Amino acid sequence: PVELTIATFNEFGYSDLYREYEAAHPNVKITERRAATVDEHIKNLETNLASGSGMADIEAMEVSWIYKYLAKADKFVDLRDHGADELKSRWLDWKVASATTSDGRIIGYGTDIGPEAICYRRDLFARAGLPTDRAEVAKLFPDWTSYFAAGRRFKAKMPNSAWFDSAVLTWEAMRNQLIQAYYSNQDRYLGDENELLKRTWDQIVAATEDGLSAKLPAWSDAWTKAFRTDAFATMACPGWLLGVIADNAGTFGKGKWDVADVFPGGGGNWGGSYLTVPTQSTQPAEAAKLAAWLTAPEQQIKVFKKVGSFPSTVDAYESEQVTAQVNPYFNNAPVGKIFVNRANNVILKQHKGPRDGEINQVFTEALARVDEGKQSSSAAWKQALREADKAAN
């Protein structure tokens, strides 16, 4: 009798899968643990890892946190010791890489992803003289320069609308495409020596000066309400955000949204998670086996149909369950095929160092101050550099 605990957050969609696994493996008993919030899941992770007690046998980890635990990889099972090297080709290469240490240890098996497209307001595009067919819209945005140029064209015709919701979310989209952002591959902080980072900053700041930003902080009440207005015409759009947009825009948004099979710069990803196995586990082989099964293509397809999470396993993209998916709210867009393409065109080569999230926070706070008119661009950039140096310690 192998007893395994798995700690998840939000809705991984695994409830039926646990029943299936126990039916196939009658010696294994699975118990799921759910913290009340994602922040408390993280805090439990941090607290239990440091105390040496209390961790689940499988701990879920969102990709935006995993940088902190790559630096603590000694405390996690290297899944290569349990067959990861044979499984590697199951996943998109960039999904595997984000859970791989500098020295090659693999500490997580990838669950879902958030491959990004550009969603857009076809009613606002029409009124601005832009194309509205998603195949034509896709040709407008091969790179960020073209994206902002189209935004200025839009803005010149539409004084009461902005191009995108906030400078910060545009920053997130662009920064994560750079080959390096804050760190060298040896975890050396170089944010103040990276001219491409400043060029990214300059280009977004110039967009805000051109009126392209609605200045709405993501997930704020003002941002939520703005979906029922003409406040902004485009968003960088992971697959999972479509449902958020449709909920927030509601009946006001019916007939007004579409999604284009494009992402400026090639591809982008926002979100997705991993299953990890702490060395605290007394059943690392059974834990790794269950984690591998939960993230196998057949199971990622089941999760996709249950809760809509987009698979990170390339075999799932050969399934008609995925590729036939259409989104009626978004003008019947073929989102299954679109987001397969968007996932296949993600390239991640940026190393995330031990304090990547803390450093990024000072840059996005500074950019938000510029966006909101509270600080000039040059003063905010100098302040971000000062604070990032401290954050990097």
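From 1 onward, residues are counted along the sequence shown.
Averaged over their C-alpha atoms, the temperature factors of 196-204 and 248-256 are higher for 248-256.
When the C-alpha B-factors of 12-20 and 374-382 are averaged, 374-382 comes out higher.
Between the residues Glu318, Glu172, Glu286, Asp123, it is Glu318 that shows the highest Cα B-factor in the PDB record. The residue among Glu46, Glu32, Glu62, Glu40 whose C-alpha carries the highest B-factor in the deposited model is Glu46. When the modelled residues of the chain are ordered by their C-alpha B factor, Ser312 lands in the lowest third. Ranked by Cα temperature factor within the chain, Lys337 sits in the middle third according to the deposited record. Per the deposited record, the Cα B-factor of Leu140 falls in the highest third when ranked against the other modelled residues of its chain. Among the modelled residues of its chain, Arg134 has a C-alpha B-factor that falls in the middle third, as given in the PDB entry.
Among all modelled residues in this chain, the alpha-carbon of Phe363 has a temperature factor (C-alpha) in the lowest third.
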